[PDB]
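First up is the structure itself, then whatever we jot down about it.
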Amino acid sequence: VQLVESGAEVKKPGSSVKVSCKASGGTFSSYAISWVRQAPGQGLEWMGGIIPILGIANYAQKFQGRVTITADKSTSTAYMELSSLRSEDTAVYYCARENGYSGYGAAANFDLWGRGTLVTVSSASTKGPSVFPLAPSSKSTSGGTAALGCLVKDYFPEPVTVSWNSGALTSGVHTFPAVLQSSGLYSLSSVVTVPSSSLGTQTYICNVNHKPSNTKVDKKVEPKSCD
Amino acid sequence: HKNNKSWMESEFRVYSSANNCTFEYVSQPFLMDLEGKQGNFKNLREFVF
Amino acid sequence: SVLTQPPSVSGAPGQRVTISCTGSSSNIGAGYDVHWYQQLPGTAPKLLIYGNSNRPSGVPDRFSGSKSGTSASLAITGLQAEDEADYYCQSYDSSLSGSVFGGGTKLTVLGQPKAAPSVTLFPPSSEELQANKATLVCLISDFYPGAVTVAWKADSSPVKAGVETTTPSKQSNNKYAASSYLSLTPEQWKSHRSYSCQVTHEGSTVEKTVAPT
């Protein structure tokens with residue numbers, strides 16, 4: 001079978017995060033379900049494994065009593081709840097499965113895995129994004145091609161898509177990635193090269209869409225008059 | 001290093017890999033000087049294997 | 001933690017590449033079976049081999065696992081175009097009361113040829129100055145590979161504050177592109193004479209300057 005999880009999610013430093021693990025079909029209330037995490041920079045840790053048919057929690061000695069995993073046999077869905085998030089909790093969790101066997105070793109193996117729920121937490125929480133246009137000058141344009149675009153600043157959280165004329169301009173468009181700031185914020189850019197003959201006849205506009213914040217602010221661009 | 005006025009060992013090229021072993025022993029710690037000069041010698045060390 | 005792994009290993013496309021996994025005498029040497037996984041950067045890891053004696057469905061037979069005493073070994077034959085991932089050790093530890101993973105090895109010699117970069121310096125516009133901030137951007141594009149050292153200067157001293165470098169992504173024409181921001185305030189943006197971003201790429205230093213007045 002296949003186990004599907006939720007998408008991206010951001011939280012607060014000291015809040016309660018609630019994710020789930022969905023199962024497609026059956027073969028879920030007969031085998032143990034664990035949770036394996038993975039963080040960039042270190043190895044893979046293991047919090048604990050939960051058996052759904054009888055309901056016994058089996059955690060490890062390295063993790064204290066701060067996370068609880070509850071499962072349900074009516075809809076075959078396991079829930080994960082964690083509180084008091086820290087700065088080193090920016091990782092991704094996976095919904096694994098245990099398939100025991102016989103032998104001299106008898107080690108827990110993970111044959112079935114999940115999709116992955118990227119849970120990040122930091123400061124500089126969600127606020128209103130600021131869009132700043134960019135105009136080419138007479139000194140920076142020596143040929144028949146000019147570069148211009150829009151700059152997105154003071155936005156949170158990821159991800160944010162950038163469209164040009166509602167998806168009508170596909171040639172020469174590039175989306176730059178984000179970067180961590182000292183205050184814990186991201187910033188990206190986008191620039192398209194267009195010929196200089198179409199600057200005074202066809203207008204350009206950046207459509208900034210943000211689905212977790214429900215802010216859709218469009219801004220037009222105008223060339224400079226002095227340079 | 002340019003910013004640090006000290007000789008540090010960075011190129012650790014003694015072997016490539018190792019598959020399986022049994023013997024592993026750590027001796028007592030010993031401090032060493034990494035700065036090399038062109039003067040006369042001041043000590044003498046003898047080793048018998 | 002209790003399981004260590006080499007940080008990197010070199011190999012050739014067509015010879016045998018072996019890896020070694022060392023731990024303690026209570027998790028791997030006690031008698032427990034080992035499990036090897038593959039961590040591809042962009043998808044979920046799957047099962048490769050369990051118990052070092054059976055073969056799951058969907059895995060090629062080129063992977064060979066063995067347990068020689070207290071250490072486990074993984075040997076492969078032939079390097080294809082999908083071995084750009086990490087290999088880990090998973091073994092049941094009794095002192096930790098659970099399963100613990102290893103360090104992880106990266107399998108990748110290189111594959112990044114050189115090229116000639118091209119930078120573009122763009123000054124902030126008029127609408128950005130009233131926001132009590134100044135974001136001086138410096139776009140680099142059409143270069144290979146994506147390893148550029150970004151430096152800033154104000155014609156009298158290098159700027160060691162507010163410097164940021166993003167990672168480059170692959171374009172449609174097998175090129176890379178990145179951008180560098182500089183957080184300043186509009187109070188001191190007009191006081192200095194000019195601003196510039198200096199970068200290097202295999203000794204090639206391209207310099208571009210702008211003037212606010």
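FYI, nothing fancy with the structure tokens labels: chains A, B, ... in order, residues from 1 per chain, ligands from 1 as they appear.
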#### Entry: chain A contacts to chain C at 9 Å (only C-alpha atoms) as a ChimeraX atom specification
/A:42-48,59-62,94,103-116,132-136,140,153,174,176-182,187-189,224
### Message
Taking 2 positions as the minimum chain separation for residues in the same chain, which residues sit within 8 Å of residue A:121 when counting only C-alpha atoms? Answer as JSON, numbers by chain.
### Response
{"A": [10, 11, 12, 13, 85, 86, 87, 89, 90, 119, 123]}
Just-selected residues, N, CA and C atoms written as a PDB file, in the first residue's frame:
ATOM      1  N   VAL A  10       4.330  25.486   9.256  1.00  0.00           N
ATOM      2  CA  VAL A  10       5.161  26.301  10.131  1.00  0.00           C
ATOM      3  C   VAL A  10       4.398  26.541  11.427  1.00  0.00           C
ATOM      4  N   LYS A  11       5.141  26.676  12.522  1.00  0.00           N
ATOM      5  CA  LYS A  11       4.546  26.840  13.841  1.00  0.00           C
ATOM      6  C   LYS A  11       5.308  27.933  14.583  1.00  0.00           C
ATOM      7  N   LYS A  12       5.024  28.063  15.879  1.00  0.00           N
ATOM      8  CA  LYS A  12       5.619  29.071  16.737  1.00  0.00           C
ATOM      9  C   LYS A  12       6.523  28.426  17.784  1.00  0.00           C
ATOM     10  N   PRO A  13       7.534  29.150  18.274  1.00  0.00           N
ATOM     11  CA  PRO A  13       8.426  28.577  19.292  1.00  0.00           C
ATOM     12  C   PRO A  13       7.759  28.477  20.654  1.00  0.00           C
ATOM     13  N   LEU A  85       8.204  23.484  21.020  1.00  0.00           N
ATOM     14  CA  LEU A  85       9.163  23.388  19.929  1.00  0.00           C
ATOM     15  C   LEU A  85      10.410  24.208  20.238  1.00  0.00           C
ATOM     16  N   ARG A  86      11.552  23.710  19.779  1.00  0.00           N
ATOM     17  CA  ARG A  86      12.843  24.354  19.978  1.00  0.00           C
ATOM     18  C   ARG A  86      13.419  24.781  18.630  1.00  0.00           C
ATOM     19  N   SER A  87      14.629  25.340  18.671  1.00  0.00           N
ATOM     20  CA  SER A  87      15.276  25.827  17.460  1.00  0.00           C
ATOM     21  C   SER A  87      15.904  24.713  16.634  1.00  0.00           C
ATOM     22  N   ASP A  89      14.423  21.784  15.955  1.00  0.00           N
ATOM     23  CA  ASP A  89      13.353  20.891  15.539  1.00  0.00           C
ATOM     24  C   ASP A  89      12.988  21.055  14.068  1.00  0.00           C
ATOM     25  N   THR A  90      13.771  21.820  13.310  1.00  0.00           N
ATOM     26  CA  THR A  90      13.512  22.034  11.887  1.00  0.00           C
ATOM     27  C   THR A  90      13.964  20.794  11.124  1.00  0.00           C
ATOM     28  N   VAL A 119       8.290  20.168   8.932  1.00  0.00           N
ATOM     29  CA  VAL A 119       7.836  21.049  10.002  1.00  0.00           C
ATOM     30  C   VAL A 119       9.005  21.943  10.393  1.00  0.00           C
ATOM     31  N   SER A 123      11.676  32.329  14.318  1.00  0.00           N
ATOM     32  CA  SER A 123      11.093  33.639  14.561  1.00  0.00           C
ATOM     33  C   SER A 123      10.666  34.253  13.229  1.00  0.00           C
TER      34      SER A 123
END
### Message
Could you work out which residues of chain B fall inside 7 Å of chain C? Count only C-alpha atoms, and format the result as a ChimeraX atom specification.
### Response
/B:18-20
### Message
Would you pick out the contacts of residue C:208 at 7 Å or less, using only C-alpha atoms, so that residues sharing its chain but fewer than 2 positions from it are not included, and give the list as a list in words?
### Response
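Residues near the query, excluding close chain neighbours: residues 121, 196, 197 and 206 of chain C.
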### Query
What's the 7 Å shell around stretch 157-159 of chain A, counting only C-alpha atoms, without same-chain residues fewer than 2 positions away, as a PyMOL selection string?
chain A and resi 126+155+161
